[PDB]
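Reviewing the structure listed below.
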Amino acid sequence: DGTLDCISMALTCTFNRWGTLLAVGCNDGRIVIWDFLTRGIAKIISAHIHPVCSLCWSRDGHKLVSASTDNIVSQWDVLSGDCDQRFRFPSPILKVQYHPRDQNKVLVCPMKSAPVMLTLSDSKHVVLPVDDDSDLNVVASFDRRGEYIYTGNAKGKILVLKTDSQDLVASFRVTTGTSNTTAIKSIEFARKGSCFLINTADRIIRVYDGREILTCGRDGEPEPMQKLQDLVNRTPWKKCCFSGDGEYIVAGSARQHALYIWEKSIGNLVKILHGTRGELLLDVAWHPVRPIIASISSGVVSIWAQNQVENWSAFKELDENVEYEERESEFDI
Amino acid sequence: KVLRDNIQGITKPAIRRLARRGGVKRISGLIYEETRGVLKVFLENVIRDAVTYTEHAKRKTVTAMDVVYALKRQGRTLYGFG
Amino acid sequence: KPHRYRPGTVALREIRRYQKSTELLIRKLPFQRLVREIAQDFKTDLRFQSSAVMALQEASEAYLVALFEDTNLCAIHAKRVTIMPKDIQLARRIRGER
Amino acid sequence: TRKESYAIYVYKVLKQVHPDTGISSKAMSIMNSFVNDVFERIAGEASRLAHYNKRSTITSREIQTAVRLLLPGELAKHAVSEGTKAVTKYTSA
DNA sequence: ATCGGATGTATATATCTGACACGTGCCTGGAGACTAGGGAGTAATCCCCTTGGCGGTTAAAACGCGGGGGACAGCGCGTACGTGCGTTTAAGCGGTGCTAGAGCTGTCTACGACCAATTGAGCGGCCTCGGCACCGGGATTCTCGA
DNA sequence: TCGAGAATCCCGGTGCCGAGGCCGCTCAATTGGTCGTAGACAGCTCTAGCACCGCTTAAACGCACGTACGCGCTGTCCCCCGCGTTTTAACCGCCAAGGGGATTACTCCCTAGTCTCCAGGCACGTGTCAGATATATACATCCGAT
């Protein structure tokens, strides 16, 4: 539905705060900041020699946190492209995430170690707690306002901490239905409201409302707002995301390189988008204020927009025949 | 501990294994879930009736003799359980 | 050059060995979870005998192979080696299961 | 708890027919359940026919008639003859 | 795709009636009242099976992947089957008549019922050990390309 | 179609726990009176069955014949079999907690059993209309020409 030839080795992308720019990582380890309106590249940053697998914009949009595969995280000013700060860790980093309401702070999910929240002003770090002490794979994310931290382990356990004190404000373990746990693949939140989603190893996305987890307390049984899956193919989900408003949810079937689109309230599947059967789906993102969806597959990015009835359909356009309502004086002088 | 969707826990390999035991060569996909349904429906009765026994048994655990008398009442009696 | 047996042949031998074997062909735990799921529908938190659930699964699988058997037979009368859902439905129909 | 069964008599009649054979306790339980099944069957049928005959006394004639109702052909014939011989033997003393 | 004609079917009508609603006198099962035992209900105790979890394995399931194999659609023909009309035929009404056998009552008696006294056949429990299950390995035979 | 290869059969050997045998330890089987009674049996009805026979006729058998579904064959598609790989969770083994299941001991509420009396039910008459039946009629629907 529209691709870009000007970028190669697309690996990970991230919309800015207003959905005007897109920073995509490349295998060479370069940042390609490409613009939507001019439909061209806005910037090229020599980030790492190692490909970049995690990228996040700052709220003001002037900072981008990038993670190399060399366990090298670095902050870059979008105007200049300089490495503002640079750090390295053990247990290679799985993800970075700016704090949405404090760009000085940034959480980092490493591979084998617990996620740690650092600051840029001071090169300090706060290691977030781990429930089972043996997960070795815990994804973590700020909420919409950056007030709480949601951490999900490979054993389905879900901890909600407060971002400042790291104190356990809520907890619950998700189930595979019967009695078993499932590897929490990812935690996503809505940029609007409080609904969030969890991708798990059961290939079943679970949509909740964080207020219900907060009122559920520690070690409770919160039910999901929704349960979403491909009941037909039972396909895993490499990457999923909400819509900009938060009423549409998309999942990327890397198994068959497709895109499933459900709703939030009803949860019925909006639609499906099919990509090149030969392409391996890698990354998925939604335009924050547009029905536009960016996909990264086999190093190539594709764009999926959604237009209205007009752009040619605007006499007064009607859809179905209209019986004329004759009047009393319809034949009168 | 609320359970769900163990019906699909029935593997298509299991279904085709049972079919081969029944002496079947070629099978379509549309069967399995259909099969499953029937399965459910089938057991749909007995357990209830079984626990119905357990109902009158005034007990919390369910026993074999329950399903014994069920299959009996279901005209599908079984041996080897008292 | 790689060898592949003609279709059915492997499944044919599977049929032969399954009529040869007698044990169950269903994994225990999934069946048990299904049974308990069905149970909570009528009443929640009910316990069971392992003997009881073994009986459930054996008797089920027996009914199931009987259904597969006579549906195979019907499909013979349907002159096909592939099975059709309608065969199962009408079999239940003759089995008074409708 | 004193539980009653028949597996001992199963082993007995087995040796009576096959002295050099073993059984699975599973199979013994299956056979005993079968014993119970046929017993309840014949008993219910006999009581029902006696009810049809308004009889409150279930005797060997009822037994034979109900077996004939239940067993087919030579099965029934041999069973009738065997029960007849046995009751004759018991009545002989 | 329609109209016309043939035919078969739903309708109103009339009356006939024989089931059928209705009422009786007479019978006995049902109600009413009273006594006993003891099945059932409750409770405290024990056990112990179950339900729960935890970690390692892989056989098994998931999934993919050709691809020949048959499901299926179509197409010719032909034989077997509806049909309408012949034919002849037992089927049904019905009414007769005999009684063999149901179907009832009145004994009287053998026959479990039942209880009590007695106990050894049988059953829970404890060794035990050998067909049997598993395994590894060698030899046999089916099968798919010549 | 004679080999290659592959799944299988069989053989010997290993180790095991269920099959079995035996041992305490009863309660349920036996024995023997004893009693009221189920029915065995005799002996009556009467009626429903069983057969007889005639009369009418709707029904059955067969014919001819159109015809049209059954069947047989061809080619296509697709799709499910087979194999390869990758992932997983069933299983399996072990542990542990308790919560229910089963047990026993009391305790007594309810039912069986008895006796009394009668009133609802039942066999039995009795008018009587729901509907069966027949007829003419009006409507619906097929089948063939257009």
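Couple of notes before you dig in:
- Positions within region B:27-53 being farther than 23 Å from C:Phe68 by Cα and more than 7 Å from chain C (Cβ to nearest Cβ), in sequence order: B:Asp49, B:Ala50, B:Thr52, B:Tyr53
- Looking only at residues of region B:1-10 that are of a type outside the set (A, V, I, L, M, F, W, C) and surrounded by fewer than 19 Cβ atoms within 10 Å (Cβ to Cβ), we find that the one that is farthest from the other protein chains (Cβ to nearest Cβ) is B:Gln8.
- Restricting attention to region B:1-59, the residues that are near DNA strand E (Cβ under 10 Å from one of its atoms), of a type in the set (S, T, N, Q) and within 23 Å of A:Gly177 (Cα to Cα) total 2.
- Residues located in region A:31-52, provided they are surrounded by 12 or more Cβ atoms within 10 Å (Cβ to Cβ) and either assigned to a strand (DSSP E or B) or in contact with a helix residue (DSSP H, G or I) (Cβ under 6 Å, 6 or more places away or on another chain) (or both): A:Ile31, A:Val32, A:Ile33, A:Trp34, A:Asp35, A:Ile41, A:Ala42, A:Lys43, A:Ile44, A:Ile45, A:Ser46, A:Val52
- Enumeration of residues in region C:61-98 that are of a type in the set (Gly, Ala, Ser), surrounded by fewer than 18 Cβ atoms within 10 Å (Cβ to Cβ) and either within 12 Å of DNA strand E (Cβ to nearest atom) or part of a helix (DSSP H, G or I) (or both): C:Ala62, C:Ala66, C:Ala78
- Qualifying residue in region D:51-60 (condition: within 18 Å of the chain's Cα centre (by Cα), near DNA strand F (Cβ under 10 Å from one of its atoms) and more than 14 Å from chain B (Cβ to nearest Cβ)): yes
- Filter result (under 17 Å from the mean Cα position of the chain (by Cα), more than 13 Å from every other protein chain (Cβ to nearest Cβ) and near DNA strand E (Cβ under 8 Å from one of its atoms)) within region D:1-24: D:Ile8, D:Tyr9
- Pairs are defined by a Cβ separation below 7 Å, a sequence spacing of at least 6 or placement on different chains, a first member in region B:54-68 that is closer than 16 Å to C:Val35 by Cβ and among the polar types (S, T, N, Q), and a second member that is assigned to a helix (DSSP H, G or I) and within 11 Å of DNA strand E (Cβ to nearest atom); the pairs so defined are B:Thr63/C:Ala52.
- Residue in region B:67-82 that is surrounded by the fewest Cβ atoms within 10 Å (Cβ to Cβ), counting only those that are facing chain C (nearest Cβ under 7 Å) and in a helix (DSSP H, G or I): B:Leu71
- Residues within region C:68-84 that are closer than 29 Å to B:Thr77 by Cβ and at the interface with another protein chain (Cβ under 7 Å from one of its Cβ atoms), tallied: 4
- Number of the exception - C:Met54 against (1) surrounded by fewer than 19 Cβ atoms within 10 Å (Cβ to Cβ); (2) more than 7 Å from every other protein chain (Cβ to nearest Cβ); (3) within 13 Å of B:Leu43 (Cα to Cα): (3)
- Inter-residue pairs, beta-carbon under 8 Å, first in a strand (DSSP E or B) and in region A:75-88, second surrounded by 18 or more Cβ atoms within 10 Å (Cβ to Cβ) and among the charged types (D, E, K, R), 6+ apart: A:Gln75/A:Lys63; A:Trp76/A:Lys63; A:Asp77/A:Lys63; A:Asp84/A:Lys63
- Counted residues, region C:33-51 - those being near DNA strand E (Cβ under 8 Å from one of its atoms) and under 26 Å from B:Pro13 (Cβ atoms): 3
For every residue, the table says whether it meets (1) surrounded by fewer than 19 Cβ atoms within 10 Å (Cβ to Cβ); (2) part of a loop (DSSP other than H, G, I, E, B).
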site: B:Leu18; (1), (2): no, no
site: B:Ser28; (1), (2): yes, yes
site: B:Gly37; (1), (2): yes, no
site: B:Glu44; (1), (2): yes, no
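- The set of residues from region B:11-26 being under 15 Å from the mean Cα position of the chain (by Cα) and at the interface with chain C (Cβ under 7 Å from one of its Cβ atoms) comprises B:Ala14, B:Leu18.
- Some residue of region C:2-10 being within 12 Å of DNA strand E (Cβ to nearest atom) and under 20 Å from the mean Cα position of the chain (by Cα): yes
- Every test in (1) over 19 Å from B:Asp49 (Cβ atoms); (2) hydrophobic (A, V, I, L, M, F, W, C); (3) away from DNA strand F (no atom under 12 Å from the Cβ) is passed by C:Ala55 save one, and that test is (1).
- Candidate set from region C:28-46 (those that are surrounded by fewer than 14 Cβ atoms within 10 Å (Cβ to Cβ) and near DNA strand F (Cβ under 6 Å from one of its atoms)); member that is nearest to A:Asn180 (Cα to Cα): C:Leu29
- The set of residues in region C:28-51 being more than 7 Å from chain B (Cβ to nearest Cβ) and either outside any helix (DSSP H, G or I) or touching a helix residue (DSSP H, G or I) at 6+ places or on another chain (Cβ under 6 Å) (or both) consists of C:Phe31, C:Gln32, C:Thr44, C:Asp45.
- Region B:1-55, residues that are touching a strand residue (DSSP E or B) at 6+ places or on another chain (Cβ under 8 Å) and within 9 Å of DNA strand F (Cβ to nearest atom): B:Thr54
- Residues of region A:141-154 that are buried (at least 18 other Cβ atoms within 10 Å of the Cβ) and under 19 Å from A:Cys216 (Cβ atoms): A:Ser141, A:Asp143, A:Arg144, A:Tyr148, A:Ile149, A:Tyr150, A:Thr151, A:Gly152, A:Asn153.
- Some residue of region A:220-228 being within 28 Å of B:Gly29 (Cβ to Cβ), within 14 Å of chain B (Cβ to nearest Cβ) and surrounded by fewer than 22 Cβ atoms within 10 Å (Cβ to Cβ): yes
- Scanning region A:263-295 for residues that are of a type in the set (A, V, I, L, M, F, W, C), closer than 18 Å to A:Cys195 by Cα and buried (at least 20 other Cβ atoms within 10 Å of the Cβ) yields A:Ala285, A:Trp286.
- Qualifying residue in region C:16-26 (condition: among the hydrophobic types (A, V, I, L, M, F, W, C), surrounded by 17 or more Cβ atoms within 10 Å (Cβ to Cβ), within 13 Å of DNA strand F (Cβ to nearest atom) and more than 8 Å from every other protein chain (Cβ to nearest Cβ)): no
Since every read-out is calculated from the coordinates, none of them should be taken as a lab result. Methodologically, a virtual Cβ is constructed for each residue, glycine included, from the backbone with ideal geometry; neighbour enumeration extends over all protein chains shown.
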